[PDB]
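> Got a structure for you, coords05.pdb, holding PDB, C-alpha atoms and all ligand atoms.
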ATOM      1  CA  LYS A 123      42.940  -0.654 -42.817
ATOM      2  CA  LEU A 124      41.996  -2.189 -39.446
ATOM      3  CA  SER A 125      43.241   0.415 -36.969
ATOM      4  CA  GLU A 126      44.879  -0.484 -33.661
ATOM      5  CA  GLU A 127      41.746   0.654 -31.819
ATOM      6  CA  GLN A 128      39.596  -1.558 -34.053
ATOM      7  CA  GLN A 129      41.821  -4.579 -33.397
ATOM      8  CA  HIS A 130      41.577  -3.747 -29.687
ATOM      9  CA  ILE A 131      37.765  -3.675 -29.831
ATOM     10  CA  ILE A 132      37.683  -7.073 -31.539
ATOM     11  CA  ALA A 133      40.052  -8.548 -28.946
ATOM     12  CA  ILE A 134      37.863  -7.227 -26.093
ATOM     13  CA  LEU A 135      34.686  -8.691 -27.601
ATOM     14  CA  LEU A 136      36.254 -12.071 -28.349
ATOM     15  CA  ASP A 137      37.432 -12.278 -24.732
ATOM     16  CA  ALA A 138      34.047 -11.121 -23.395
ATOM     17  CA  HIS A 139      32.314 -13.859 -25.377
ATOM     18  CA  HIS A 140      34.790 -16.480 -24.182
ATOM     19  CA  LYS A 141      34.161 -15.400 -20.566
ATOM     20  CA  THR A 142      30.343 -15.549 -20.963
ATOM     21  CA  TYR A 143      29.822 -18.605 -23.213
ATOM     22  CA  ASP A 144      30.719 -22.036 -21.823
ATOM     23  CA  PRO A 145      30.857 -24.458 -24.800
ATOM     24  CA  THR A 146      30.798 -27.423 -22.395
ATOM     25  CA  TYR A 147      27.254 -26.522 -21.180
ATOM     26  CA  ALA A 148      28.280 -27.670 -17.691
ATOM     27  CA  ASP A 149      25.755 -25.472 -15.854
ATOM     28  CA  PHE A 150      22.822 -27.247 -17.562
ATOM     29  CA  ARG A 151      22.926 -29.670 -14.597
ATOM     30  CA  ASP A 152      21.430 -26.871 -12.457
ATOM     31  CA  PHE A 153      18.338 -26.365 -14.630
ATOM     32  CA  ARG A 154      15.006 -27.962 -13.938
ATOM     33  CA  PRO A 155      15.034 -31.177 -15.978
ATOM     34  CA  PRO A 156      13.710 -31.348 -19.535
ATOM     35  CA  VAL A 157      10.526 -33.402 -19.846
ATOM     36  CA  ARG A 158       9.469 -34.684 -23.268
ATOM     37  CA  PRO A 219       1.132 -29.766 -21.299
ATOM     38  CA  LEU A 220       4.004 -27.286 -21.573
ATOM     39  CA  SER A 221       6.470 -29.875 -20.330
ATOM     40  CA  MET A 222       9.614 -28.104 -21.595
ATOM     41  CA  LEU A 223       8.735 -24.689 -20.152
ATOM     42  CA  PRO A 224      10.576 -25.095 -16.787
ATOM     43  CA  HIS A 225      13.782 -26.341 -18.440
ATOM     44  CA  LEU A 226      13.783 -23.788 -21.254
ATOM     45  CA  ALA A 227      12.814 -20.971 -18.877
ATOM     46  CA  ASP A 228      15.892 -21.893 -16.811
ATOM     47  CA  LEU A 229      18.032 -22.015 -19.973
ATOM     48  CA  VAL A 230      16.846 -18.566 -21.033
ATOM     49  CA  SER A 231      17.250 -17.076 -17.543
ATOM     50  CA  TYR A 232      20.812 -18.437 -17.458
ATOM     51  CA  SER A 233      21.490 -16.991 -20.897
ATOM     52  CA  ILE A 234      20.155 -13.580 -19.841
ATOM     53  CA  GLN A 235      22.764 -13.487 -17.054
ATOM     54  CA  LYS A 236      25.524 -14.286 -19.566
ATOM     55  CA  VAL A 237      24.302 -11.724 -22.098
ATOM     56  CA  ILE A 238      24.474  -9.069 -19.376
ATOM     57  CA  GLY A 239      28.039 -10.129 -18.609
ATOM     58  CA  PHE A 240      28.939  -9.782 -22.289
ATOM     59  CA  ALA A 241      27.181  -6.422 -22.602
ATOM     60  CA  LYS A 242      29.145  -4.950 -19.664
ATOM     61  CA  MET A 243      32.385  -5.539 -21.592
ATOM     62  CA  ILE A 244      31.329  -3.886 -24.894
ATOM     63  CA  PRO A 245      33.584  -0.813 -25.360
ATOM     64  CA  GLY A 246      31.593   2.277 -24.411
ATOM     65  CA  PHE A 247      28.581   0.450 -22.916
ATOM     66  CA  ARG A 248      29.612   1.477 -19.355
ATOM     67  CA  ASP A 249      29.514   5.149 -20.434
ATOM     68  CA  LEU A 250      25.720   4.938 -20.811
ATOM     69  CA  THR A 251      23.380   5.708 -17.941
ATOM     70  CA  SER A 252      21.973   2.890 -15.836
ATOM     71  CA  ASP A 253      18.553   3.532 -17.396
ATOM     72  CA  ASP A 254      19.879   3.289 -20.957
ATOM     73  CA  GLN A 255      21.855   0.148 -20.113
ATOM     74  CA  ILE A 256      18.696  -1.472 -18.732
ATOM     75  CA  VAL A 257      16.548  -0.340 -21.675
ATOM     76  CA  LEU A 258      19.005  -1.727 -24.239
ATOM     77  CA  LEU A 259      19.353  -5.029 -22.425
ATOM     78  CA  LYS A 260      15.594  -5.452 -21.903
ATOM     79  CA  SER A 261      14.839  -4.799 -25.573
ATOM     80  CA  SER A 262      17.769  -6.762 -27.042
ATOM     81  CA  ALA A 263      17.788  -9.766 -24.681
ATOM     82  CA  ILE A 264      15.730 -12.228 -26.743
ATOM     83  CA  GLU A 265      17.521 -11.144 -29.947
ATOM     84  CA  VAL A 266      20.985 -11.696 -28.477
ATOM     85  CA  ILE A 267      19.825 -14.988 -26.999
ATOM     86  CA  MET A 268      18.661 -16.097 -30.457
ATOM     87  CA  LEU A 269      21.956 -14.928 -32.000
ATOM     88  CA  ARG A 270      23.968 -16.539 -29.208
ATOM     89  CA  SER A 271      22.119 -19.842 -29.699
ATOM     90  CA  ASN A 272      23.298 -20.043 -33.320
ATOM     91  CA  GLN A 273      26.629 -21.447 -32.082
ATOM     92  CA  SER A 274      24.903 -24.673 -30.961
ATOM     93  CA  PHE A 275      22.459 -24.777 -33.883
ATOM     94  CA  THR A 276      23.136 -27.498 -36.450
ATOM     95  CA  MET A 277      21.670 -27.561 -39.938
ATOM     96  CA  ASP A 278      22.154 -31.332 -40.033
ATOM     97  CA  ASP A 279      18.891 -31.837 -38.161
ATOM     98  CA  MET A 280      17.784 -28.218 -37.553
ATOM     99  CA  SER A 281      18.278 -28.346 -33.795
ATOM    100  CA  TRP A 282      20.163 -26.575 -31.026
ATOM    101  CA  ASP A 283      22.685 -29.218 -29.958
ATOM    102  CA  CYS A 284      24.062 -28.486 -26.479
ATOM    103  CA  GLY A 285      26.251 -31.567 -25.985
ATOM    104  CA  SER A 286      23.677 -34.196 -24.947
ATOM    105  CA  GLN A 287      20.561 -35.876 -26.280
ATOM    106  CA  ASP A 288      18.864 -34.526 -23.140
ATOM    107  CA  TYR A 289      20.155 -31.044 -24.056
ATOM    108  CA  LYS A 290      19.377 -31.150 -27.787
ATOM    109  CA  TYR A 291      16.390 -28.966 -28.662
ATOM    110  CA  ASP A 292      14.205 -29.250 -31.780
ATOM    111  CA  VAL A 293      11.088 -27.390 -32.895
ATOM    112  CA  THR A 294       8.947 -29.799 -30.847
ATOM    113  CA  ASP A 295      10.777 -28.841 -27.646
ATOM    114  CA  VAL A 296      10.154 -25.160 -28.377
ATOM    115  CA  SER A 297       6.446 -25.703 -28.931
ATOM    116  CA  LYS A 298       6.450 -27.662 -25.627
ATOM    117  CA  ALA A 299       7.534 -24.432 -23.913
ATOM    118  CA  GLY A 300       4.379 -22.707 -25.200
ATOM    119  CA  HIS A 301       5.537 -21.102 -28.453
ATOM    120  CA  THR A 302       3.845 -21.563 -31.840
ATOM    121  CA  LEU A 303       4.900 -21.843 -35.474
ATOM    122  CA  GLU A 304       4.343 -18.090 -35.959
ATOM    123  CA  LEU A 305       7.630 -17.705 -34.057
ATOM    124  CA  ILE A 306       9.264 -21.081 -34.667
ATOM    125  CA  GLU A 307       9.191 -21.117 -38.490
ATOM    126  CA  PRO A 308      10.851 -17.677 -38.907
ATOM    127  CA  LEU A 309      13.207 -18.624 -36.069
ATOM    128  CA  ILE A 310      14.462 -21.709 -37.904
ATOM    129  CA  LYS A 311      14.780 -19.703 -41.141
ATOM    130  CA  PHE A 312      16.855 -17.143 -39.221
ATOM    131  CA  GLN A 313      19.143 -19.767 -37.681
ATOM    132  CA  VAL A 314      19.676 -21.356 -41.099
ATOM    133  CA  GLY A 315      20.379 -18.051 -42.838
ATOM    134  CA  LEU A 316      22.756 -16.971 -40.081
ATOM    135  CA  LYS A 317      24.566 -20.324 -40.140
ATOM    136  CA  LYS A 318      25.006 -20.089 -43.918
ATOM    137  CA  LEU A 319      26.903 -16.822 -43.521
ATOM    138  CA  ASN A 320      29.747 -18.821 -41.904
ATOM    139  CA  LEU A 321      30.652 -15.822 -39.774
ATOM    140  CA  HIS A 322      34.111 -15.496 -38.361
ATOM    141  CA  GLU A 323      33.928 -15.532 -34.587
ATOM    142  CA  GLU A 324      35.065 -11.896 -34.828
ATOM    143  CA  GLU A 325      31.938 -11.047 -36.846
ATOM    144  CA  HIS A 326      29.647 -13.104 -34.593
ATOM    145  CA  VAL A 327      30.703 -11.232 -31.448
ATOM    146  CA  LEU A 328      30.586  -7.864 -33.274
ATOM    147  CA  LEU A 329      27.020  -8.565 -34.401
ATOM    148  CA  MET A 330      25.933  -9.437 -30.857
ATOM    149  CA  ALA A 331      27.467  -6.173 -29.632
ATOM    150  CA  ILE A 332      25.863  -4.107 -32.407
ATOM    151  CA  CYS A 333      22.504  -5.744 -31.677
ATOM    152  CA  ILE A 334      22.722  -4.718 -27.998
ATOM    153  CA  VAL A 335      23.794  -1.107 -28.587
ATOM    154  CA  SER A 336      20.979  -0.006 -30.919
ATOM    155  CA  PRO A 337      19.829   3.652 -30.697
ATOM    156  CA  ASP A 338      16.267   3.043 -31.962
ATOM    157  CA  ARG A 339      15.281   0.785 -29.047
ATOM    158  CA  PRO A 340      12.122   1.999 -27.270
ATOM    159  CA  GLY A 341      12.754   4.078 -24.177
ATOM    160  CA  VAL A 342      16.325   5.050 -25.047
ATOM    161  CA  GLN A 343      17.097   8.454 -23.553
ATOM    162  CA  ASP A 344      20.583   9.329 -24.887
ATOM    163  CA  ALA A 345      20.113   8.052 -28.432
ATOM    164  CA  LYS A 346      23.002  10.143 -29.777
ATOM    165  CA  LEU A 347      25.501   8.469 -27.437
ATOM    166  CA  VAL A 348      24.122   4.969 -28.087
ATOM    167  CA  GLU A 349      24.461   5.733 -31.807
ATOM    168  CA  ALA A 350      28.043   6.957 -31.325
ATOM    169  CA  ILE A 351      28.933   3.715 -29.521
ATOM    170  CA  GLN A 352      27.238   1.581 -32.170
ATOM    171  CA  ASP A 353      28.979   3.445 -35.002
ATOM    172  CA  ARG A 354      32.397   2.570 -33.590
ATOM    173  CA  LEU A 355      31.380  -1.102 -33.618
ATOM    174  CA  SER A 356      29.739  -0.910 -37.057
ATOM    175  CA  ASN A 357      32.798   0.704 -38.636
ATOM    176  CA  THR A 358      34.960  -1.939 -36.926
ATOM    177  CA  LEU A 359      32.831  -4.698 -38.487
ATOM    178  CA  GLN A 360      32.756  -3.074 -41.930
ATOM    179  CA  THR A 361      36.532  -2.648 -41.878
ATOM    180  CA  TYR A 362      37.078  -6.206 -40.565
ATOM    181  CA  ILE A 363      35.041  -7.665 -43.431
ATOM    182  CA  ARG A 364      36.901  -5.558 -46.001
ATOM    183  CA  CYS A 365      40.384  -6.389 -44.667
ATOM    184  CA  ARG A 366      40.040  -9.886 -43.192
ATOM    185  CA  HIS A 367      37.104 -11.751 -44.779
ATOM    186  CA  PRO A 368      38.202 -13.151 -48.159
ATOM    187  CA  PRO A 369      35.906 -13.300 -51.177
ATOM    188  CA  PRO A 370      33.520 -14.859 -52.092
ATOM    189  CA  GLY A 371      32.240 -15.171 -48.498
ATOM    190  CA  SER A 372      32.659 -11.413 -47.983
ATOM    191  CA  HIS A 373      30.198 -10.503 -50.773
ATOM    192  CA  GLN A 374      27.691  -7.990 -49.326
ATOM    193  CA  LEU A 375      28.342  -9.621 -45.942
ATOM    194  CA  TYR A 376      27.776  -6.420 -43.968
ATOM    195  CA  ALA A 377      24.381  -5.821 -45.590
ATOM    196  CA  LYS A 378      23.507  -9.485 -45.004
ATOM    197  CA  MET A 379      24.431  -9.183 -41.323
ATOM    198  CA  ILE A 380      22.320  -6.051 -40.925
ATOM    199  CA  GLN A 381      19.437  -7.890 -42.606
ATOM    200  CA  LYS A 382      19.760 -10.456 -39.804
ATOM    201  CA  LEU A 383      19.367  -7.655 -37.267
ATOM    202  CA  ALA A 384      16.163  -6.688 -39.076
ATOM    203  CA  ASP A 385      14.975 -10.309 -38.891
ATOM    204  CA  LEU A 386      15.622 -10.254 -35.134
ATOM    205  CA  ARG A 387      13.388  -7.213 -34.660
ATOM    206  CA  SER A 388      10.527  -9.147 -36.240
ATOM    207  CA  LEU A 389      11.345 -12.230 -34.128
ATOM    208  CA  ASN A 390      11.519 -10.019 -31.033
ATOM    209  CA  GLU A 391       8.040  -8.634 -31.726
ATOM    210  CA  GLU A 392       6.519 -12.088 -32.194
ATOM    211  CA  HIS A 393       8.270 -13.465 -29.115
ATOM    212  CA  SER A 394       6.868 -10.657 -26.976
ATOM    213  CA  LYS A 395       3.348 -11.347 -28.294
ATOM    214  CA  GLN A 396       3.608 -15.040 -27.451
ATOM    215  CA  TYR A 397       5.317 -14.338 -24.128
ATOM    216  CA  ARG A 398       2.452 -12.021 -23.138
ATOM    217  CA  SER A 399      -0.177 -14.635 -24.014
ATOM    218  CA  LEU A 400       1.895 -17.234 -22.157
ATOM    219  CA  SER A 401       2.577 -15.172 -19.030
ATOM    220  CA  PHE A 402      -0.970 -13.764 -18.807
ATOM    221  CA  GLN A 403      -1.879 -17.175 -17.383
ATOM    222  CA  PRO A 404      -0.610 -17.327 -13.773
ATOM    223  CA  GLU A 405      -0.148 -21.114 -13.951
ATOM    224  CA  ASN A 406       2.459 -20.476 -16.670
ATOM    225  CA  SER A 407       4.096 -17.473 -14.977
ATOM    226  CA  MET A 408       4.688 -19.691 -11.915
ATOM    227  CA  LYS A 409       7.120 -21.785 -13.970
ATOM    228  CA  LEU A 410       9.156 -18.775 -15.124
ATOM    229  CA  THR A 411      12.125 -17.376 -13.192
ATOM    230  CA  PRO A 412      12.291 -14.037 -11.355
ATOM    231  CA  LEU A 413      14.897 -12.716 -13.818
ATOM    232  CA  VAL A 414      12.773 -13.719 -16.841
ATOM    233  CA  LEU A 415       9.784 -11.919 -15.304
ATOM    234  CA  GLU A 416      11.822  -8.776 -14.705
ATOM    235  CA  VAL A 417      13.289  -8.749 -18.210
ATOM    236  CA  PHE A 418      10.370  -9.855 -20.374
ATOM    237  CA  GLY A 419       7.624  -8.452 -18.156
ATOM    238  CA  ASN A 420       4.924  -9.452 -15.686
TER     239      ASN A 420
ATOM    240  CA  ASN B 626      11.987  -1.253 -10.754
ATOM    241  CA  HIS B 627      14.674  -3.534 -12.281
ATOM    242  CA  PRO B 628      16.683  -4.553  -9.205
ATOM    243  CA  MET B 629      18.100  -7.817 -10.564
ATOM    244  CA  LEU B 630      19.100  -6.291 -13.899
ATOM    245  CA  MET B 631      20.625  -3.351 -12.049
ATOM    246  CA  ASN B 632      22.543  -5.676  -9.707
ATOM    247  CA  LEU B 633      23.883  -7.814 -12.565
ATOM    248  CA  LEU B 634      24.995  -4.585 -14.297
ATOM    249  CA  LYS B 635      26.967  -3.102 -11.378
TER     250      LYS B 635
HETATM  251  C1  LIG C   1      21.266 -18.777 -25.763
HETATM  252  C2  LIG C   1      20.545 -20.112 -26.193
HETATM  253  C3  LIG C   1      21.285 -21.296 -26.325
HETATM  254  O1  LIG C   1      22.694 -21.189 -26.068
HETATM  255  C4  LIG C   1      23.339 -22.454 -26.068
HETATM  256  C5  LIG C   1      23.081 -23.093 -24.673
HETATM  257  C6  LIG C   1      22.968 -22.012 -23.564
HETATM  258  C7  LIG C   1      24.328 -21.294 -23.391
HETATM  259  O2  LIG C   1      25.396 -21.936 -23.130
HETATM  260  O3  LIG C   1      24.364 -20.041 -23.528
HETATM  261  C8  LIG C   1      20.636 -22.496 -26.722
HETATM  262  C9  LIG C   1      19.236 -22.511 -26.958
HETATM  263  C10 LIG C   1      18.489 -21.330 -26.796
HETATM  264  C11 LIG C   1      17.031 -21.198 -27.189
HETATM  265  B1  LIG C   1      16.816 -21.513 -28.862
HETATM  266  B2  LIG C   1      15.637 -20.334 -29.421
HETATM  267  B3  LIG C   1      15.131 -21.999 -29.042
HETATM  268  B4  LIG C   1      14.139 -20.629 -28.545
HETATM  269  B5  LIG C   1      15.209 -19.290 -28.050
HETATM  270  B6  LIG C   1      16.871 -19.854 -28.234
HETATM  271  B7  LIG C   1      16.144 -19.836 -26.631
HETATM  272  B8  LIG C   1      15.641 -21.502 -26.248
HETATM  273  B9  LIG C   1      14.400 -21.988 -27.428
HETATM  274  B10 LIG C   1      16.064 -22.535 -27.616
HETATM  275  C12 LIG C   1      14.539 -20.370 -26.899
HETATM  276  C13 LIG C   1      13.455 -19.842 -25.973
HETATM  277  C14 LIG C   1      13.008 -20.610 -24.885
HETATM  278  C15 LIG C   1      12.001 -20.089 -24.037
HETATM  279  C16 LIG C   1      11.427 -18.819 -24.287
HETATM  280  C17 LIG C   1      10.361 -18.214 -23.344
HETATM  281  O4  LIG C   1       9.520 -17.278 -23.997
HETATM  282  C18 LIG C   1       9.536 -19.328 -22.631
HETATM  283  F1  LIG C   1      10.276 -20.071 -21.733
HETATM  284  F2  LIG C   1       9.001 -20.101 -23.599
HETATM  285  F3  LIG C   1       8.511 -18.742 -21.976
HETATM  286  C19 LIG C   1      11.138 -17.397 -22.272
HETATM  287  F4  LIG C   1      10.275 -16.860 -21.381
HETATM  288  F5  LIG C   1      11.747 -16.350 -22.908
HETATM  289  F6  LIG C   1      12.023 -18.182 -21.577
HETATM  290  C20 LIG C   1      11.894 -18.059 -25.377
HETATM  291  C21 LIG C   1      12.896 -18.576 -26.194
HETATM  292  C22 LIG C   1      19.154 -20.139 -26.440
END
Now, as a test, write the supplied structure out as structure tokens.
Ligand SMILES: [C]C1=C(O[C][C][C]C([O])=O)[C]=[C]C(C2345B678B9%10%11B6%12%13B96%14B%109%15B%1172B932B437B%126(B%13835)C%14%1527C2=[C][C]=C(C([O])(C(F)(F)F)C(F)(F)F)[C]=[C]2)=[C]1


Amino acid sequence: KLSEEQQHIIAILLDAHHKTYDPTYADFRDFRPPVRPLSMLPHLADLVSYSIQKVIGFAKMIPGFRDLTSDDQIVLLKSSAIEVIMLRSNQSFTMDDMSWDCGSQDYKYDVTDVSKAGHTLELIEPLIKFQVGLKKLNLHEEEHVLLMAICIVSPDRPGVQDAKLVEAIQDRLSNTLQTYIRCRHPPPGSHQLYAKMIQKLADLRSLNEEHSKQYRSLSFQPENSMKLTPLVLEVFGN
Amino acid sequence: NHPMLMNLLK
């Protein structure tokens, strides 16, 4: 039985996502232009920096997130940012040509664009496999926003101080998701869906680790760091 | 330390 509180949580997270995800991609006009030599790094750095801002806006609305300390909020957002950005991007991902389609040919990104921002197949191949496996789950929007929120509020992130409180907040979201699947996701799509969604969170930890490796090699070169944004430098490191 | 993160969180 989906309790009234659990329905409330889902409503909050759906609204938070709708307030922090613009499916018209209007703000892409503001980014440095894509050029198709790490020719896509300025554009995709701007895209990521933009997405970081939106992920923070979503995080602030997760029930219980505001009850954490400032330090724990920062630690969770720093460690989860690239994972939530990858999850968030799955909305625009299409399996029809394995690309992130953001409304325009100019704003349609394939594996070549990603390598033109400085990343390598060590990241890109598992990243495509993730996007495909996530897309095949055909998540309800309710489950998509719950998974983003569970990803953010993870008690085993490095540098978490109040792990017991983070865990208490995550457990409320996890039980909401488990009960939503049981009561609202019909079979056969519901089959071991919770375990499959948690497996995706495990995949994101591995993607996070490889992204940070490649980011460090990328940003170690000052010529590359010059093309990043100040927010990206603060979040992913200097 | 994290002034832009902290400002976007307020
Ligand atoms: C959320 C979102 C999105 O969403 C819909 C449209 C936006 C919206 O409306 O939200 C669409 C597309 C992306 C993606 B997909 B995956 B591919 B890879 B990850 B995800 B972002 B960017 B490329 B595209 C990617 C990326 C680029 C740059 C780096 C860097 O490592 C660097 F630039 F290469 F250095 C960085 F430093 F991190 F930027 C890391 C990751 C993210």

> For the file shown, report as a ChimeraX atom specification the outcome of the PyMOL selection byres (((chain B and resi 627) around 9) and not hetatm) at residue level.

/A:256,416-417 /B:626,628-632

> Determine the nearest neighbour of chain B from the options A:287, A:411, A:313, A:297, counting all atoms listed in the file.

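Among the listed residues, A:411 lies closest to chain B.
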
> Applied to the shown file, which residues does the PyMOL selection byres (((not hetatm)) within 8 of (chain C and resi 1)) return, written as JSON, numbers by chain?

{"A": [142, 143, 144, 145, 146, 147, 150, 223, 224, 225, 226, 227, 228, 229, 230, 231, 232, 233, 234, 236, 264, 266, 267, 268, 269, 270, 271, 272, 273, 274, 275, 282, 283, 284, 291, 292, 293, 295, 296, 299, 300, 301, 306, 309, 393, 394, 396, 397, 400, 401, 410, 414, 415, 418]}

> Using all atoms listed in the file, what does the table of chain A residues within 10 Å of chain B look like, with each row giving the shortest atom pair and its distance in Å to one decimal, sorted by chain and ascending number, as CSV?


residue,atom,partner,partner_atom,distance
A:234,CA,B:630,CA,9.5
A:235,CA,B:633,CA,7.3
A:236,CA,B:633,CA,9.7
A:238,CA,B:634,CA,6.8
A:239,CA,B:634,CA,7.7
A:241,CA,B:634,CA,8.8
A:242,CA,B:634,CA,6.8
A:248,CA,B:634,CA,9.1
A:252,CA,B:631,CA,7.4
A:253,CA,B:631,CA,9.0
A:255,CA,B:634,CA,8.1
A:256,CA,B:630,CA,6.8
A:259,CA,B:630,CA,8.6
A:260,CA,B:630,CA,8.8
A:412,CA,B:629,CA,8.5
A:413,CA,B:629,CA,6.7
A:416,CA,B:627,CA,6.4
A:417,CA,B:630,CA,7.6

> Report, in Å to a single decimal, how far apart atom CA of residue 331 of chain A and atom CA of residue 125 of chain A are.

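One can read the atom CA of residue 125 of chain A to atom CA of residue 331 of chain A distance as 18.6 Å.
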
> Once the PyMOL selection byres (((chain A and resi 391) around 12) and not hetatm) has been evaluated on this model, what residues remain selected, and can you format them as a list in words?

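Checking the PyMOL selection byres (((chain A and resi 391) around 12) and not hetatm) against this file, the residues are residues 261, 262, 264, 265, 304, 305, 308, 384, 385, 386, 387, 388, 389, 390, 392, 393, 394, 395, 396, 397, 398 and 418 of chain A.
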
> Just want the 12 Å neighbourhood of residue 381 of chain A, counted on only C-alpha atoms, with same-chain residues fewer than 2 positions away dropped. Output as a CSV table (one decimal) with C-alpha atoms, in the frame of the given file.


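The result, written out as result_22.csv:
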chain,number,residue,atom,x,y,z
A,312,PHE,CA,16.9,-17.1,-39.2
A,315,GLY,CA,20.4,-18.1,-42.8
A,316,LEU,CA,22.8,-17.0,-40.1
A,319,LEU,CA,26.9,-16.8,-43.5
A,329,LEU,CA,27.0,-8.6,-34.4
A,333,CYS,CA,22.5,-5.7,-31.7
A,374,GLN,CA,27.7,-8.0,-49.3
A,375,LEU,CA,28.3,-9.6,-45.9
A,376,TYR,CA,27.8,-6.4,-44.0
A,377,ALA,CA,24.4,-5.8,-45.6
A,378,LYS,CA,23.5,-9.5,-45.0
A,379,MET,CA,24.4,-9.2,-41.3
A,383,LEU,CA,19.4,-7.7,-37.3
A,384,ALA,CA,16.2,-6.7,-39.1
A,385,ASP,CA,15.0,-10.3,-38.9
A,386,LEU,CA,15.6,-10.3,-35.1
A,387,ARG,CA,13.4,-7.2,-34.7
A,388,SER,CA,10.5,-9.1,-36.2

> Taking only C-alpha atoms into account, which of A:373, A:158, A:367, A:139 comes nearest residue 289 of chain A?

A:158

> Would you list the contacts of residue 288 of chain A as an MDAnalysis selection string, taking every protein, DNA or RNA residue within 8 Å and counting all atoms listed in the file, but skipping same-chain residues closer than 2 positions in sequence?

chainID A and resid 156 286 290

> Mind giving me the straight-line distance from atom CA of residue 372 of chain A to atom CA of residue 124 of chain A in Å, one decimal?

15.7 Å

> Please measure the separation of atom CA of residue 341 of chain A and atom CA of residue 250 of chain A, giving the value in Å to one decimal.

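Distance reported for this atom pair: 13.4 Å.
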